[PDB]
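Here the protein sequences come in this chain order: A, B, C, D, E, F, G, H and I.
Going left to right, the first sequence walks through residues 1 to 237 as PDB author numbering numbers them.
Going left to right, the second sequence walks through residues 198 to 263 as PDB author numbering numbers them.
Going left to right, the third sequence walks through residues 29 to 151 as PDB author numbering numbers them.
Going left to right, the fourth sequence walks through residues 34 to 500 as PDB author numbering numbers them.
Going left to right, the fifth sequence walks through residues 248 to 296 as PDB author numbering numbers them.
Going left to right, the sixth sequence walks through residues 206 to 307 as PDB author numbering numbers them.
Going left to right, the seventh sequence walks through residues 160 to 212 as PDB author numbering numbers them.
Going left to right, the eighth sequence walks through residues 2 to 155 as PDB author numbering numbers them.
Going left to right, the ninth sequence walks through residues 330 to 393 as PDB author numbering numbers them.
This report refers to the structure that appears directly beneath it.
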Amino acid sequence: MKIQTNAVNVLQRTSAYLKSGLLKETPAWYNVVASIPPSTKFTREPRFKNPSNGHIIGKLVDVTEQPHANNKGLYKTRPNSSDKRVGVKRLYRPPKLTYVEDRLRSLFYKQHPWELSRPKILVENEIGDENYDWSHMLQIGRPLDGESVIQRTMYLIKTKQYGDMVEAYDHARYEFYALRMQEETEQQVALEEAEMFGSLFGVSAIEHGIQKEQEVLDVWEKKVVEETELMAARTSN
Amino acid sequence: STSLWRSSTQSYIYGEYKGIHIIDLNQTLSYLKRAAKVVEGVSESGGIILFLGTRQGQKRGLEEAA
Amino acid sequence: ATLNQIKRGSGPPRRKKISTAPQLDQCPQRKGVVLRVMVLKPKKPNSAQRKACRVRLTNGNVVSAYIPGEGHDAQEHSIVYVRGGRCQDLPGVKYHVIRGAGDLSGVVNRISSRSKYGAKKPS
Amino acid sequence: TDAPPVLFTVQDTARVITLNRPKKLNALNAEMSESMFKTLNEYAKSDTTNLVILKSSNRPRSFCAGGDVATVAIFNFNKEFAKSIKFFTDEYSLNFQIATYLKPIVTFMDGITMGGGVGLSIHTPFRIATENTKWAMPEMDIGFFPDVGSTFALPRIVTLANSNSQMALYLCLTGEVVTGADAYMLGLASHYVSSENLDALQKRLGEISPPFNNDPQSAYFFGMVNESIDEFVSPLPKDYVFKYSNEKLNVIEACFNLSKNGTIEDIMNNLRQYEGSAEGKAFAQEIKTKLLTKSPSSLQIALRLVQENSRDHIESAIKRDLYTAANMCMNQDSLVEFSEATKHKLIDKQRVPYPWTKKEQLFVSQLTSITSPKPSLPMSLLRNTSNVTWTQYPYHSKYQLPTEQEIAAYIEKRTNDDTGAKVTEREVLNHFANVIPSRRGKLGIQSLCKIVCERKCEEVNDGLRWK
Amino acid sequence: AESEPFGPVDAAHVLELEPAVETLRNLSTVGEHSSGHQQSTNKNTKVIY
Amino acid sequence: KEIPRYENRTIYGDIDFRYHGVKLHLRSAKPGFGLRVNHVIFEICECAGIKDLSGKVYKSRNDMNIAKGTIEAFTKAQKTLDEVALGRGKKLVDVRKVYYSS
Amino acid sequence: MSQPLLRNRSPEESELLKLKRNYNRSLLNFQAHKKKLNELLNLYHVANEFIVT
Amino acid sequence: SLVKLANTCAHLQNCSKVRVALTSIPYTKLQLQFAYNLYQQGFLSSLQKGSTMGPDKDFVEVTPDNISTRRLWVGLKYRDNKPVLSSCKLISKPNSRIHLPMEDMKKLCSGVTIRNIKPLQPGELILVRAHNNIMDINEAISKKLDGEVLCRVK
Amino acid sequence: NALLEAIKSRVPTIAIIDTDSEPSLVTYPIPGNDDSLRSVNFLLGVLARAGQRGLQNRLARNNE
RNA sequence: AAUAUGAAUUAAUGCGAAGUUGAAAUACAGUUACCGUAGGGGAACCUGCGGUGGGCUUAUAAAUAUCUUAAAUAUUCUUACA
RNA sequence: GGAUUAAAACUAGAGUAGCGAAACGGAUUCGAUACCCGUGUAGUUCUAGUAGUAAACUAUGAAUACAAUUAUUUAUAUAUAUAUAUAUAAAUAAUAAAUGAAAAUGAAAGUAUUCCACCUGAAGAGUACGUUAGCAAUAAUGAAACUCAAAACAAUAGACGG
RNA sequence: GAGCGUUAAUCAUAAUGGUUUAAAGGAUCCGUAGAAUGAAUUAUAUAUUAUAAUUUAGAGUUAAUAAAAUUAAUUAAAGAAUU
Ligand SMILES: [K+]
Ligand SMILES: [K+]
Ligand SMILES: [K+]
Ligand SMILES: [K+]
Ligand SMILES: [K+]
Ligand SMILES: [K+]
Ligand SMILES: [K+]
Ligand SMILES: [Mg+2]
Ligand SMILES: [Mg+2]
Ligand SMILES: [Mg+2]
Ligand SMILES: [Mg+2]
Ligand SMILES: [Mg+2]
Ligand SMILES: [Mg+2]
Ligand SMILES: [Mg+2]
Ligand SMILES: [Mg+2]
Ligand SMILES: [Mg+2]
Ligand SMILES: [Mg+2]
Ligand SMILES: [Mg+2]
Ligand SMILES: [Mg+2]
Ligand SMILES: [Mg+2]
Ligand SMILES: [Mg+2]
Ligand SMILES: [Mg+2]
Ligand SMILES: [Mg+2]
Ligand SMILES: [Mg+2]
Ligand SMILES: [Mg+2]
Ligand SMILES: [Mg+2]
Ligand SMILES: [Mg+2]
Ligand SMILES: [Mg+2]
Ligand SMILES: [Mg+2]
Ligand SMILES: [Mg+2]
Ligand SMILES: [Mg+2]
């Protein structure tokens, strides 16, 4: 769509109405808009750095910067065809934001598929309030989950306790297993202790599933019978 | 979605992530402050402010804003 | 056209009116002798008995000239003067005879626009 | 062929001046000052330039680490006193032009702003600070005085503990470095904008223009510039805590409260006889230590100027700095050690303080001579396109955080109103955050008002009294 | 340039004409009783009677 | 709409505007030159307050499209001296006006 | 603006450039030559299965 | 090359229509002189040497090793929702070059159509090349130079 | 429809501009997600309170 | 030999009115039209061969859908809580 | 200037199933030199030639520089937690801008540059005459007079449609 | 207006043009002339041109590596059906 002119120049068109006398009374917005001018450039802006990984955009490595031989054993003595194509488009294309943590996140849930079954709430509370010390995995305010492992791994590599990401990741994974085992026992024991003091429960999870399956299996019984009678008659033909 | 991009918004985009364009909140904040000052000015001047929103669920916000 | 095509002759056609009285040979009028007086039928949607005359000009060209005015005394062998101007509804009649010249008299009892019909001023 | 020391560029209707001496931290020499002074006169005559933006090309490393005094020291050692007086006539004349400039000037203090750098920003009502800002006046350690009209600005713009120029004297005599948010809260910076947002702000400044039939020199346009910057301000860091606690503010307000004929010894007495909290007592000893490692002559000269340029008009204060600078490079009475100290620290790298020799107490007449024009050396400030003088900045107050004297005036007025109402801290915060048009929603304004009431006001019943 | 001064005399040079003030002054010395009226540069043509 | 006018009498410079099939060539004129343009343009200039103008219409001479094209040309094809000066950061001087100034 | 638009290669720079370019051409010729001999060796190993008599 | 200059003039018009803030042009002496005149006249915000990928942040000496990858990067200006550089056209064309004496250049700047060249309009820049230097026509008239009328920018 | 009528009627307009929305159609665009009720209500709330402060400042100047 | 003139003699074509013999074209025009070419026929036209769309893009479903605290809790909330 | 150039046609010699101008018959019809049916010659096939014409069409000459997006394929390259992911070109589809009488075009029918071909109301006419080429059919080149104020394109609303 | 009209003529009155669909892209490509057009840097000259040197972005040559099995001409074969 064409860059519109009439929406941002309401003040100038209105001023012509007032100066000529076509409009007798100044509108209430008139003074406010005059003091706060609209932005009217609507230009495309170049960008020279990917904010996520700090990669520089718009830099060409000259042959003088590649004095040594390549992986093929050949020296570079002239620009290649790619170096001779103008790359202005890269300055204007929104950069693809990338994060190392994304790679670890995909790994964690590939190694632990059932962690996906633990519901996650994507609704944020207040990102600005998060005061986390990742020297430990547990934090007040957030659940224990895969993200706890990833942030712990980053802290280890950031503090240089471990050098390889794999080693830091494995170290964090074991801390995660220990915390998961203490919670699996606290829940089992809490249920056992409550039943031993006379706690009664209406429906268990297993019972809930049986009831839901019965509702479905009852509708399925009717349809099967109906469709095993239309077939018999239709086949009789 | 980046597939639905209207390239005239290029200057507002911070980047693309998970198949969508990420809006630059630093610009959103500056634009928001400017827009807020306009509303305050018109309100303090006695002008008529109309809030238009026709997507489901917006009525409650629209009524209280008015 | 390209610049070189213009150099080779390409250009806008010229606008200049073309001659509609070629038989006069670029003369205001030419004398002639009436070969045969005739009556012709206008092309549609007009209806009338238009008086014309075939004339042999002093240059050998034979033309058809319209006799204007109400009533004429033109006959065969009458000396007439022919000027340019076609009769729109008569195809092929591209000339006019001048009233009040040669043997063609002026329109009888003409009051208005006398100069166009060879009529002298009444005392 | 060489890169110009200062680069001038067009930003729509804004003219950008960029300091281009990265290797020297943008130090200001006579060449830089002269270029900027001449180009600003042209921009003042131009009808297509709405505002000017003074920035650096080295940000966030430094904006201006100070005037080039190391070169002035070599001049003194070579008796090139004419060269030295040219360096100060150019710099001080540029500081006077900026102070009286009729069009908005917006300085981006994105980095070390010390010495001459302070002169480039302190005199502009739009002096923007960032997280990387480092404001300081480290002249007492080099044997010089607080120059670039800092003795006329600081006593008039500081916000806290500056009723009698106590805080102004603390910064000028101790050379304490203030960083980012603290500079904004003290009044050293009019605005606080994140460095990342400076590019966007610069573009917006170039795009705004006076409306209808208003020139860029009208107060209306100055309001527009202030609003434009405010749209780019962001809330202070959550963890941020003001640098000076009330107890530390009480030490400065008492230990640096002198009379019209006070002396550095009087301050030393207060710092040595201070009584109060343990933090205050310990804080007073720290100041005493620092003030005893400075030049004994510079401290006395600084106090003289602060007590002289705090009630005089701008032109006489800047002119008195030119006289003092010239009367110091040419040490006729061997009363100062500016040249020797400058070589000990800058020309030669020596962490240890220069051993001082002029450790006497200059008399009132001696100080008068050092700060008065010699009838043999005629020096005058270059003429600017405004040629105006005044005793109060025409715009600084409107666009910076309020001072402790402005809050007091409203409490006294409100407390003495026919309404017979009670002044409450909540009412004070509302009156400064949601009433004054130019201060509406100003960053860290409620925090400053609460610091003032908690230290200056007495809460009796549902009212406030100005202790 | 944005701060370059341009005045009537500069305009006169651009238009290759005498300054407008000069034209006014030369038009005031035309009256027979006006100051500056002079006519002698033409008395250089040999005539014989 | 408001149309820019140079000295409230003419247009700023020359205009070559294409409105659909209408080719409009409008030239600014000296004071006292009068309106020497297509009759449709003449009426518009009279109402708008343009006194001096020269021009020629090529290709389509449809009255309706000449009128709309002219209005569009006066707004979208003109730039005031002030707007040019501010955009380029330069001073633009009218030599004829300075010649008769003090 | 004052900077020269182009700086000609110094005679030394042209010498080092020629060395690298000659090396590049020579290395590719050698690598192709050795590949052909390695294919001739692998064909000798199987020529006992081929019939010529 | 006048062909290259025609390519650049058309390129700048295309960039103005889409309102890109930064674009590149071929790296040649004529192109650099052309761009520099536009920069000094206020049509271009910035003029930087660079490569095919973008403007250089630090000085990069140009040599035969990298000449093929060099470009000039120019910043376009837009004010009040209008491009400052709206049109850019050649006067002297590759197939019909126009050389004018200083007398005829003065007539062109005075409202007279010379050799079908429409006269200079208010706020328009006409560039002239003389002895391989590019200057404004008004500057050539000041220096009494005769030269080729290259292009007009508005 | 409403935006075009506002232009025709010279009424200044504010709108949330998502990545698929035309910025030039409004006087004061606010770049932001327009599909989430939280994002919309957050931006609307800020604008509404700004209006409230203006209203309170107008009613206060009338009292005093 | 050329140029010009007249010329026995002979070819093509336009307009005008105005009937006649069919109904070729424009809709699927009642056999899709037209292009090139060939043969045939009172006349339009018919037929063969290839080509073109300035005709068929005029294009529009074999249907089937799911479990966590329904509320003393969400739904209320007006600058409050924190 | 040169070369190649569908179908038909022609020259010479082979071939000839099927198809099929023509011709001769059968039907249909008021008539049927047609549409449909039969018998079916040239031709359609091969070899060696002649000829250089088609709605030979994208009814859009070639080259270069340049300009906002999406989708889908293809290719090359890169990476790995090995099958995707990231790049750079090409093709196609739908578009922004721009252009346009509009229909629409969309990387051109946009912004520019260079070179070639071609056009200047309809009808007469791609005709007449001459010339050149060909075995021939023909092909190329290519007018004027007379007459008229017309003639044409895109789109709009109708009417009508076996 | 002592002229007016009319006829015959001259100038002006749109190329600050067009060719998918309205007049108009050559069937196609190859290539000669072109008094057609056409890269970069530097130095001279008598200067948008000339000359010299230098350069590699257009245009080409060879090889390496990978990919593809089409388009011409020719020769040798196969297949369903038809009569
Ligand atoms: K038919
Ligand atoms: K046919
Ligand atoms: K046929
Ligand atoms: K056969
Ligand atoms: K076709
Ligand atoms: K061609
Ligand atoms: K067309
Ligand atoms: Mg009559
Ligand atoms: Mg949305
Ligand atoms: Mg029939
Ligand atoms: Mg029919
Ligand atoms: Mg039919
Ligand atoms: Mg037949
Ligand atoms: Mg057929
Ligand atoms: Mg049809
Ligand atoms: Mg169709
Ligand atoms: Mg045969
Ligand atoms: Mg048959
Ligand atoms: Mg042939
Ligand atoms: Mg033919
Ligand atoms: Mg043909
Ligand atoms: Mg074909
Ligand atoms: Mg080719
Ligand atoms: Mg023929
Ligand atoms: Mg039609
Ligand atoms: Mg007379
Ligand atoms: Mg003409
Ligand atoms: Mg064309
Ligand atoms: Mg073709
Ligand atoms: Mg054709
Ligand atoms: Mg190549």
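Where is the CB? At the ideal position from N, CA and C, for every residue including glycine.
Partners in chain A for H:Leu23, counting only beta-carbon separations shorter than 9 Å: Counting from 1 along the eighth sequence, the entry for residue 23 of chain H is found at position 22. Within chain A, the residues near H:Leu23 are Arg44, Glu45, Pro46, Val88, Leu91 and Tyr92.
With 16 other Cβ atoms within 10 Å as the buried cut-off, status of A:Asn80: Stepping through the first sequence from its first residue, residue 80 of chain A is reached at position 80. The residue is exposed, with fewer than 16 neighbouring Cβ atoms inside 10 Å.
Reference D:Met361; option with closest CA among D:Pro411, D:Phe177, D:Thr133 and D:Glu458: Taking the fourth sequence and counting its residues from 1, the one referred to as residue 361 of chain D is at position 328. When each option's Cα is compared against that of D:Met361, the closest is D:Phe177.
Residues bridged to D:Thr212 (per DSSP): By one-based count along the fourth sequence, residue 212 of chain D stands at place 179. BP columns for D:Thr212 point to D:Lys167.
Min CB distance I:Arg382 to chain D below 8 Å: Here residue 382 of chain I refers to the residue found at position 53 when the ninth sequence is read from its first residue. Interface residue, yes.
Minimum Cβ-Cβ distance from F:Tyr305 to chain E less than 8 Å: Locating residue 305 of chain F in the sixth sequence gives position 100, where the first residue counts as 1. Chain E, which has a Cβ nearer than 8 Å to the Cβ of F:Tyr305, makes this yes.
Beta-carbon proximity list for D:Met65, same chain, < 8 Å, skipping 5 on both sides: Walking along the fourth sequence from the start, residue 65 of chain D turns up at place 32. Cβ within range, chain order: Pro38, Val39, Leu52 and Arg54.
Beta-carbon proximity check, D:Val266 vs D:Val226, cutoff 8 Å: Here residue 266 of chain D refers to the residue found at position 233 when the fourth sequence is read from its first residue. Here residue 226 of chain D refers to the residue found at position 193 when the fourth sequence is read from its first residue. Their beta carbons are under 8 Å apart, which means D:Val266 touches D:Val226 by this criterion.
The stretch 228 to 240 of chain D: positions lying closer than 7 Å to chain H by Cβ: none
8 Å contact criterion, which H:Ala22 and A:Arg44 should meet: CB distance rounded: Position 21 of the eighth sequence, counting from 1, holds the residue named residue 22 of chain H. Position 44 of the first sequence, counting from 1, holds the residue named residue 44 of chain A. With 8 Å as the limit, H:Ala22 and A:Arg44 qualify as a contact, their Cβ atoms being about 6 Å apart.
Check whether D:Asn417 and D:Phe129 have beta carbons under 8 Å apart: By 1-based counting over the fourth sequence, the position of residue 417 of chain D is 384. By 1-based counting over the fourth sequence, the position of residue 129 of chain D is 96. Cβ atoms of D:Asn417 and D:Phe129: closer than 8 Å.
Beta strand (DSSP E) segments (min. 3 residues) lying fully within the stretch 340 to 376 of chain I: 343 to 346 and 357 to 360
Own chain residues within Cβ distance below 8 Å of D:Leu379, not counting five before or after: Residue mapping note: residue 379 of chain D aligns to position 346 of the fourth sequence, counting from 1. Here the set comprises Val102, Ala103, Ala106 and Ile175.
Contacting residues, own chain, Cβ-Cβ under 8 Å from E:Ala267 (five flanking each side not counted): Looking up residue 267 of chain E in the fifth sequence gives position 20. Correct list, in chain order: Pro255 and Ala259.
Same chain, Cβ closer than 7 Å to C:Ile107, five either side skipped, listed in chain order: Against the third sequence, residue 107 of chain C aligns to sequence position 79. The answer, listed in chain order, is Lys59, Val61, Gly130 and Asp131.
Sub-8 Å separation of D:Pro386 and D:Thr326 beta-carbons: If you number the fourth sequence from 1, residue 386 of chain D lands on position 353. If you number the fourth sequence from 1, residue 326 of chain D lands on position 293. Yes. Within cutoff.
Paired residues, beta bridge with B:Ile210 - DSSP: What you label residue 210 of chain B is simply residue 13 of the second sequence in a count that begins at 1. Beta-bridge pairing links B:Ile210 to B:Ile220.
Neighbour-count burial assignment, A:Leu22, 16 or more Cβ in a 10 Å radius: The count along the first sequence starts at 1 and reaches residue 22 of chain A at position 22. It counts as exposed.
Short CB-CB distance (under 8 Å) between D:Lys78 and chain E: Indexing the fourth sequence from 1 puts residue 78 of chain D at position 45. Chain E, which has a Cβ nearer than 8 Å to the Cβ of D:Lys78, makes this yes.
For F:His230: DSSP bridge partner residues: Along the sixth sequence, one-based indexing puts residue 230 of chain F at 25. Paired residues: F:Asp221 and F:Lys261.
CA-to-CA distance, A:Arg152 to D:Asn463, given in whole angstroms: For the purposes of this step, residue 463 of chain D is identified with residue 430 of the fourth sequence, where counting begins at 1. For the purposes of this step, residue 152 of chain A is identified with residue 152 of the first sequence, where counting begins at 1. Spanning the two alpha carbons is a distance of roughly 45 Å.
With 16 other Cβ atoms within 10 Å as the buried cut-off, status of G:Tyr203: The count along the seventh sequence starts at 1 and reaches residue 203 of chain G at position 44. Looking at its Cβ environment, which holds fewer than 16 other Cβ atoms inside 10 Å, G:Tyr203 is exposed.
Cβ pair G:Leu186, A:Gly58 closer than 8 Å: On the seventh sequence, position 27 is the one that residue 186 of chain G refers to. On the first sequence, position 58 is the one that residue 58 of chain A refers to. No; because the gap between Cβ atoms is not below 8 Å, this pair is not in contact.
H:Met54 classed as buried or exposed, judged by whether at least 16 other C-beta atoms fall within 10 angstroms: What you label residue 54 of chain H is simply residue 53 of the eighth sequence in a count that begins at 1. Buried, since its Cβ has 16 or more Cβ neighbours within 10 Å.
Backbone CA spacing between F:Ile246 and F:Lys256 [nearest angstrom]: To locate residue 246 of chain F, count along the sixth sequence from 1; it is residue 41. To locate residue 256 of chain F, count along the sixth sequence from 1; it is residue 51. Their backbone Cα atoms lie some 12 Å apart in a straight line.
Proximity test, Cβ basis, 8 Å: D:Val461 and chain F: The residue given as residue 461 of chain D occupies position 428 in the fourth sequence. Not one chain F Cβ lies under 8 Å of D:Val461.
Spatial distance of G:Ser169 from H:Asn134 (CA atoms): Looking up residue 169 of chain G in the seventh sequence gives position 10. Looking up residue 134 of chain H in the eighth sequence gives position 133. Going from the Cα of G:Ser169 to the Cα of H:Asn134 covers about 28 Å.
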